[PDB]
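Below you will find one chain, with nothing else, as structure tokens; this is the form deposited in one PDB entry, and questions on how it binds or moves follow later.
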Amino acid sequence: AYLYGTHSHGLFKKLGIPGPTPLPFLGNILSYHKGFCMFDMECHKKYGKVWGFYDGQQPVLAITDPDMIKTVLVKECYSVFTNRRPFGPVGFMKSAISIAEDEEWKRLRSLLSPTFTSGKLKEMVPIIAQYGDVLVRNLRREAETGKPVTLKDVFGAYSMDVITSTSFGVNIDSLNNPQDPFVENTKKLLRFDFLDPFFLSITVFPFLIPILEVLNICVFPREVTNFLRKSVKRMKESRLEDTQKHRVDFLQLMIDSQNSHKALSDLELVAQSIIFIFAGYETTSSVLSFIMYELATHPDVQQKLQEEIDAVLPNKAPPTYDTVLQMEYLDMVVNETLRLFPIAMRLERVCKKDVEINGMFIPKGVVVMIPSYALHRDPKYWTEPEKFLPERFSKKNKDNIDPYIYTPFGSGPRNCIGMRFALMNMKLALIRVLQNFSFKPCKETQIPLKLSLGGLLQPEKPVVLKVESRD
């Protein structure tokens, strides 16, 4: 992207922007020993408002100023900062919203938009909540042996359960049969760190893109894609001549959208389905494990929230859309877990053409990066950043929060499209389990929690906790 892949390491010196000294070829990849999080944290304090670094040959400029951020994510979204890091030849996956660029993306965003509206989310709630009953079901069985529960298993399965049932309408008990046709293939597909900036080695060695295109050597081969392409083949047609309708999954919502910009294709439809899995599986599972960790080790908050839930759903009353949005304190806790642990942890935009944003020149082909994780813990926005304090998100405390500093779902036209859905999904899980159980740490518990080194935040060791069937 940047300078046709040529040596770039003198760029931030020309531009007069501080940053770590690069090695030839590698740039600052060695600086990644502490991980993305600690790297960005270190750099922020050391270099200040703004700093450049090099992922191999790819220059990355990090911005912290809220007005600079707004310019990148919002004002100049469509004009200059429309895309993310460039991707390899992934075949038809090219037309997945997350890999789509420029006009293609723009079209695809506009088509996928009405699928994620609040109104149509309300209609999925029945299907999600039923796996909130399935979650507690499988989670009670461990609370009677009184043993350690690995939460990235019980939530992994829940994330999986919701995805399969909302993405394809395929209904499964994941924890109890991992040999189910779908689950094994989904988890196989899920092996690929598709959206990681180190998925291939484009950063170091950028020529990899043009070479692989021209040789049509595909790095996401038909073999991987086939199973779900056939499931969607036999799905579109088969169960959908029922007349009786019913279907409320993502598939149907997209199927329904194909008639009277514009016109979503079959292969396109499929690519959104796949991309939804990548977006939702490990992310949702992780936020859940992160939430329970904070709750289990803060028993005050747990009970306080635990009584707020019983106060609006008396008698473990089944959760409903309207009464989910009812719960302020539940919302304060999700937002705070995500403040500490923004699973993306970094937001990125390639700069399409030379530009001057709030005073600063940015050359074409650069990656403009917003360090979410670092900014979420920036003392110059939050008092006691390292401390988990659901209190910051009380409405007596909403103006103080800057939407361009708190960015767990990004911002602007290219933010998270399934934010509403991610938030609704996780809350229905939380509500159900918290109603029926209290969660407590034991010595088997990684305390304090260590983090994933890589690009996508995750507990370093699986979150393990002891569960009591309760009041």
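Between two forms, the rigid core is defined as the largest C-alpha subset superposing within 1.5 Å. Heads up: residue numbers just count along the shown sequence, starting at 1.
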item: Missing-residue flag, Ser260, threshold a third of other entries; value: yes
item: Missing-residue flag, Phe192, threshold a third of other entries; value: yes
item: Extent of unmodelled deposited sequence, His261 relative to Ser260; value: 4 to 9
item: Which of 141-149 and 288-296 has higher mean CA B factor, as the PDB entry lists it; value: 141-149
item: 385-393 set against 333-341, stretch whose average Cα temperature factor tops the other in the entry; value: 385-393
item: Residue selected from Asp102, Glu348, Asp193, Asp322 by maximal Cα B factor; value: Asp322
item: Criterion, highest CA B-factor; candidates, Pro441, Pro66, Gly410, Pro59; value: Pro441
item: Position of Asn436 among the chain's modelled residues by C-alpha B-factor, lowest, middle or highest third; value: highest
item: Cα B factor band for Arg84 (lowest, middle or highest third within the chain); value: lowest
item: Among modelled residues of the same chain, the CA temperature factor third for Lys353; value: middle
item: Ranked C-alpha temperature factor of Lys364 among modelled chain residues, by third; value: lowest
item: For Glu76, the third of its chain into which the C-alpha B factor falls; value: lowest
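The form deposited in another entry is left out here; the points below concern that form.
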query	finding
Entry of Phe290, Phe276, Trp105, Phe220 that shows, once the rigid core is matched between this form and the one not shown, a C-alpha shift of 2 Å or more	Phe220
Core-aligned C-alpha movement of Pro363 between this form and the one not shown reaching 2 Å	no
Shift of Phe192 between this form and the one not shown at or above 2 Å (CA, core fit)	yes
Core fit, then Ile211 C-alpha moves 2 Å or more between this form and the one not shown	yes
Cα-Cα trend for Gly88 and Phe36, given that in that other deposited form the distance shifts by 3 Å or more	closer
Pairwise C-alpha change, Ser411 versus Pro197, in that other deposited form against this form - closer or farther, 3 angstroms or more	farther
